[PDB]
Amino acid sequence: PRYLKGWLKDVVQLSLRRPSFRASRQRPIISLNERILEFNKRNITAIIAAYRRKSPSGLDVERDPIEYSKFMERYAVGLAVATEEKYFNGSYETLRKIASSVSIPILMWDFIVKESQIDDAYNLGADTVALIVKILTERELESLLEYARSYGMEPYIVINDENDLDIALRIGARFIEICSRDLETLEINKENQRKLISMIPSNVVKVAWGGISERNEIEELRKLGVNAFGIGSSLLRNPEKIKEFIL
């Protein structure tokens, strides 16, 4: 990984030691980036809802993951499931159960630093996995991106600044999350997010993530070319708010 500090250094050491999941996949790969493009063609707002318990950017929320996921199946373009253990109180078992209960695309949100975590994502039923430029070298990114593609997944490349966007372009990312939240400091900068969005070619599927809370900001971002919108805490507090974000 990269040289890191603070909680990101801790979570990378944890991920390096995380045991593998050793069962077989029991569902097809359902492409999230293609379903986003289909929603775009249907002029349906494409919302990626997240399930987590703890978060460095929120108070804990304890709710039933299956009631939540089955509700979101009716409205969301896909579901992100936070599986990191210490800072998100996530679990592979939770991802496994959600993936078995719904038929929309599932993104595994974790801090992927070794190929076995991609094996894990595949075997658990996730359709794609996040790769975070801030924690990986260019060599590691390209290797993990190629490894995920060899399973038929199109990884979800997470960027937060200009250096990250440069690396995402270098490595041939086709599916990019422009995250407004710096993971080291937890600060949000939407001006920087919009600058990055303006520098991404049209053929890349773009997801805006980070402090999205209002229908009007979705519409503004869609006008700038963003294809889909990620929303965590707001929907974890009140799932039914997604109906307003779409309608």
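Counting begins at 1, following the sequence as shown.
The stretch 214-222 shows the higher mean C-alpha B-factor when 214-222 is compared against 186-194 in the entry. Of the two segments, 23-31 and 44-52, the one listed with the higher mean B-factor is 23-31 (C-alpha atoms only). The maximum CA B-factor among the listed residues 36, 66, 178, 204, taken from the PDB record, is found at 66.
Per-chain ranking of the deposited C-alpha B factor places residue 199 in the middle third. In this PDB entry, the Cα temperature factor of residue 102 sits in the top third of its chain's modelled residues, the highest group. Sorting the modelled residues of the chain by their CA temperature factor places residue 170 in the lowest third. In the PDB entry, a CA B factor belonging to the highest third of its chain's modelled residues is recorded for residue 13. In this PDB entry, residue 140 carries a Cα temperature factor that places it within the middle third of its chain's modelled residues.
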